[PDB]
(Lines of atoms letter the chains of each structure in order from A and count residues from 1; the text may use other names and numbers.)
(Lines give C-alpha, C1' and ligand atoms only; values in the text may rest on other atoms or scores of the structure.)
Protein backbone atom coordinates (compact mmCIF):
# COMPACT_ATOMS: atom_id res chain seq x y z
CA UNK A 1 0.00 0.00 0.00
CA UNK A 2 1.26 3.44 -1.01
CA UNK A 3 0.88 6.62 1.04
CA UNK A 4 -2.63 7.90 1.69
CA UNK A 5 -4.04 11.23 2.75
CA UNK A 6 -4.92 11.03 6.45
CA UNK A 7 -8.02 13.18 5.95
CA UNK A 8 -11.06 13.09 3.68
CA UNK A 9 -11.14 16.80 2.89
CA UNK A 10 -8.54 17.56 0.23
CA UNK A 11 -7.83 20.91 -1.39
CA UNK A 12 -6.37 21.57 -4.78
CA UNK A 13 -5.09 24.65 -6.51
CA UNK A 14 -4.41 25.18 -10.16
CA UNK A 15 -1.00 26.84 -10.06
CA UNK A 16 -1.09 27.89 -13.66
CA UNK A 17 -3.04 27.38 -16.84
CA UNK A 18 -1.97 25.87 -20.14
CA UNK A 19 -2.42 28.34 -23.02
CA UNK A 20 -3.74 25.35 -25.02
CA UNK A 21 -7.20 25.66 -23.52
CA UNK A 22 -9.34 28.40 -22.08
CA UNK A 23 -9.17 28.74 -18.29
CA UNK A 24 -12.80 27.70 -17.79
CA UNK A 25 -12.18 24.42 -19.68
CA UNK A 26 -9.12 23.62 -17.56
CA UNK A 27 -11.15 24.33 -14.40
CA UNK A 28 -13.86 22.03 -15.68
CA UNK A 29 -11.57 19.17 -16.72
CA UNK A 30 -9.84 19.19 -13.33
CA UNK A 31 -13.06 19.52 -11.32
CA UNK A 32 -14.64 16.60 -13.22
CA UNK A 33 -11.51 14.49 -12.82
CA UNK A 34 -11.61 14.92 -9.04
CA UNK A 35 -15.34 14.12 -9.13
CA UNK A 36 -14.59 10.79 -10.78
CA UNK A 37 -12.66 9.80 -7.67
CA UNK A 38 -14.89 11.41 -5.03
CA UNK A 39 -17.85 9.50 -6.53
CA UNK A 40 -16.44 6.22 -5.20
CA UNK A 41 -14.74 7.31 -1.95
CA UNK A 42 -15.35 9.41 1.20
CA UNK A 43 -13.00 12.03 -0.27
CA UNK A 44 -14.09 15.59 -0.95
CA UNK A 45 -12.12 18.03 -3.05
CA UNK A 46 -12.24 21.80 -2.88
CA UNK A 47 -10.44 24.23 -5.15
CA UNK A 48 -8.57 27.11 -3.51
CA UNK A 49 -6.35 29.84 -5.04
CA UNK A 50 -3.70 30.04 -2.33
CA UNK A 51 -2.69 28.66 1.04
CA UNK A 52 -2.31 25.06 2.12
CA UNK A 53 -3.49 23.40 -1.08
CA UNK A 54 -2.83 19.66 -0.88
CA UNK A 55 -2.82 18.91 -4.59
CA UNK A 56 -1.10 21.53 -6.70
CA UNK A 57 -1.90 21.26 -10.40
CA UNK A 58 0.96 22.53 -12.54
CA UNK A 59 1.70 22.82 -16.26
CA UNK A 60 5.42 22.96 -16.99
CA UNK A 61 7.99 21.76 -19.49
CA UNK A 62 11.29 19.90 -19.50
CA UNK A 63 13.25 20.22 -16.28
CA UNK A 64 10.77 21.98 -14.00
CA UNK A 65 12.17 21.84 -10.48
CA UNK A 66 11.74 18.23 -9.46
CA UNK A 67 13.77 15.14 -10.29
CA UNK A 68 11.32 14.10 -13.00
CA UNK A 69 11.98 16.16 -16.12
CA UNK A 70 9.58 16.13 -19.02
CA UNK A 71 10.53 15.05 -22.54
CA UNK A 72 8.95 17.47 -25.02
CA UNK A 73 5.96 16.50 -27.14
CA UNK A 74 4.87 12.86 -26.80
CA UNK A 75 6.23 10.24 -24.40
CA UNK A 76 5.56 11.28 -20.79
CA UNK A 77 2.32 13.26 -20.67
CA UNK A 78 2.21 14.04 -16.98
CA UNK A 79 3.21 12.72 -13.59
CA UNK A 80 2.09 13.07 -10.00
CA UNK A 81 3.43 12.55 -6.51
CA UNK A 82 1.70 10.36 -3.97
CA UNK A 83 0.16 11.83 -0.79
CA UNK A 84 2.59 13.77 1.39
CA UNK A 85 3.48 17.36 2.29
CA UNK A 86 4.90 19.98 -0.07
CA UNK A 87 5.34 18.36 -3.47
CA UNK A 88 3.45 15.29 -2.27
CA UNK A 89 0.13 15.03 -4.07
CA UNK A 90 1.14 17.48 -6.79
CA UNK A 91 0.19 16.74 -10.41
CA UNK A 92 2.33 18.06 -13.24
CA UNK A 93 1.27 18.17 -16.86
CA UNK A 94 3.79 18.43 -19.68
CA UNK A 95 3.13 21.76 -21.36
CA UNK A 96 4.82 20.32 -24.46
CA UNK A 97 1.65 18.27 -25.02
CA UNK A 98 -1.32 19.89 -26.70
CA UNK A 99 -4.01 19.77 -24.00
CA UNK A 100 -7.62 19.54 -25.17
CA UNK A 101 -11.20 19.04 -24.03
CA UNK A 102 -11.54 16.38 -26.71
CA UNK A 103 -9.91 13.52 -28.64
CA UNK A 104 -7.40 15.72 -30.47
CA UNK A 105 -4.02 16.26 -28.85
CA UNK A 106 -4.00 14.94 -25.30
CA UNK A 107 -7.25 14.95 -23.36
CA UNK A 108 -6.75 16.86 -20.10
CA UNK A 109 -9.69 15.35 -18.21
CA UNK A 110 -8.62 11.74 -18.87
CA UNK A 111 -5.02 12.54 -18.06
CA UNK A 112 -6.05 14.27 -14.82
CA UNK A 113 -8.13 11.27 -13.76
CA UNK A 114 -5.00 9.13 -14.08
CA UNK A 115 -2.74 11.65 -12.36
CA UNK A 116 -5.19 12.34 -9.52
CA UNK A 117 -5.23 8.58 -9.07
CA UNK A 118 -1.50 8.90 -8.32
CA UNK A 119 -2.07 11.99 -6.15
CA UNK A 120 -4.42 9.85 -4.04
CA UNK A 121 -1.88 7.06 -3.66
CA UNK A 122 -2.56 4.68 -6.55
CA UNK A 123 0.17 3.07 -8.62
CA UNK A 124 -0.27 1.72 -12.12
CA UNK A 125 -2.59 -1.14 -12.92
CA UNK A 126 -1.71 -3.99 -15.26
CA UNK A 127 -5.38 -4.14 -16.28
CA UNK A 128 -5.77 -2.53 -19.76
CA UNK A 129 -9.32 -1.55 -18.77
CA UNK A 130 -8.15 0.54 -15.83
CA UNK A 131 -7.51 4.26 -16.05
CA UNK A 132 -4.42 3.59 -13.91
CA UNK A 133 -2.98 1.51 -16.78
CA UNK A 134 0.28 3.21 -17.83
CA UNK A 135 -0.59 4.33 -21.37
CA UNK A 136 -2.92 6.99 -22.69
CA UNK A 137 -5.83 6.18 -24.97
CA UNK A 138 -8.72 8.45 -25.83
CA UNK A 139 -12.11 7.18 -24.77
CA UNK A 140 -15.46 8.92 -25.16
CA UNK A 141 -15.41 11.36 -22.23
CA UNK A 142 -19.20 11.35 -21.93
CA UNK A 143 -19.31 7.61 -21.32
CA UNK A 144 -16.07 7.32 -19.35
CA UNK A 145 -16.31 5.08 -16.28
CA UNK A 146 -13.70 4.04 -13.71
CA UNK A 147 -12.96 0.34 -14.13
CA UNK A 148 -13.72 -2.09 -11.30
CA UNK A 149 -9.97 -2.40 -10.82
CA UNK A 150 -9.62 1.37 -10.26
CA UNK A 151 -12.54 1.30 -7.86
CA UNK A 152 -11.01 -1.67 -6.04
CA UNK A 153 -7.73 0.21 -5.84
CA UNK A 154 -9.09 3.47 -4.49
CA UNK A 155 -11.53 1.83 -2.08
CA UNK A 156 -8.62 -0.18 -0.63
CA UNK A 157 -7.03 3.16 0.31
CA UNK A 158 -10.09 5.14 1.47
CA UNK A 159 -13.29 4.07 3.18
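Positions refer to the first chain, counted from 1.
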Mean Cα B-factor comparison, 24-32 or 109-117, giving the higher one as deposited: 24-32
Stretch exceeding the other in mean C-alpha B-factor - 66-74, 120-128: 66-74
Max C-alpha B-factor within the set 18, 135, 11, 143 falls on 143
In terms of the CA temperature factor given in the entry, to which third of its chain does residue 1 belong: lowest, middle or highest? highest
C-alpha B factor of residue 38, ranked within the chain: lowest, middle or highest third? lowest
Where the record places residue 92 (Cα B-factor, split into thirds across the chain): lowest
